[PDB]
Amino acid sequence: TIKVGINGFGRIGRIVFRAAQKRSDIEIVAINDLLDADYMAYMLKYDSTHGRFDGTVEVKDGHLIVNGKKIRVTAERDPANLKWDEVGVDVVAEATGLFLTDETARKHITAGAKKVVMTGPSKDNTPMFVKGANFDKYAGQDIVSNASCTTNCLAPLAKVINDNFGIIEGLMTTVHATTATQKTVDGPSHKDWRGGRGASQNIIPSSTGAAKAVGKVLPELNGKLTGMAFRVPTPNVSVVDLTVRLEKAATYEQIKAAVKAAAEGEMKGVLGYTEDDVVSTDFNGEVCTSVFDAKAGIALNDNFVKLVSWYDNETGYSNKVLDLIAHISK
């Protein structure tokens, strides 16, 4: 069993915690954040988006008891003090957003952990791995990044299209759920003015973490794709809208056949495929990081097409954080 410590109990930390409960190969043994244990128990037990925790949560002597198992709770601001070794932690899910470089994240290894997975794109050259794009390029590094939710949707789709038909160039939009960095009513956001406008009232243009990044996990596409985002008033689930010009001519039916084949074979559990009349709530809780929507897409011609793929930006990403933890521990 891989013993895992979570640093940061925000949305990603908490959904990683829930996803880990369904996995026999990974056990969460410790959580660190600036929250009392009883407040941590409350945030785990009740979730507006995902419902009640499936299990029991109790607080005893300042720690969590989840499904009868004790979880060490700490509130260290400095990761070097986390004493991960005392709880036998193998891998740290680094989920605070505060330690996205090798120098800061490596303090976890001085605190006794063996490896670190950052739950966002690195701010230095820490390598990023995205399942269904480049997990097979992993080569023993002890600190890695799972990139971002949107990158986990875009890159597996882009890889299948590129490998089969050749992407000459592409532009993408993500119609993206509201996140925790937005504001409930117009308020201060001095480094991103649009992002301070009231989230439930507005469609909000925004820049995307995936524009800088598919090129890093799929170097053959570097320079060939960029894009942007629109934040809209839903609480979870987002959708990629990818417009590509293709080298090899392909009818929409041939594109569908290729995506379906990857979803049913090599990329099973990463890329999904549907022909149903789905909407965003149909993916709330979805584990696949990229669900191709066959009926939503449209081709102008055999070399110019708009492809649509869904992702639960909380659940898919969180599940793939756990996949990366397992992958780097094999």
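So that there is no doubt, residue numbering starts at 1 and follows the sequence shown.
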Inset, instruction - Could you check the entry and say whether 164-172 or 81-89 has the higher mean CA B-factor? - result: 81-89
Legend entry - Average Cα temperature factor in the PDB entry - higher stretch of 312-320, 17-25: 17-25
Inset, instruction - For the C-alpha B-factor as written in the entry, point me to the maximum among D276, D282, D302, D61. - result: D61
Inset, instruction - Grab the CA temperature factor for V291 from the record and place it in the lowest, middle or highest third of its chain. - result: lowest
Legend entry - Third of the chain's Cα B-factor distribution that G215 belongs to, per the entry: highest
Inset, instruction - Relative to the other modelled residues of the same chain, rank the CA B-factor of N202 and answer lowest, middle or highest third. - result: lowest
Legend entry - Lowest, middle or highest third - CA B-factor, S189: middle
Legend entry - CA B-factor placement of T110, once the chain's modelled residues are sorted into thirds: highest
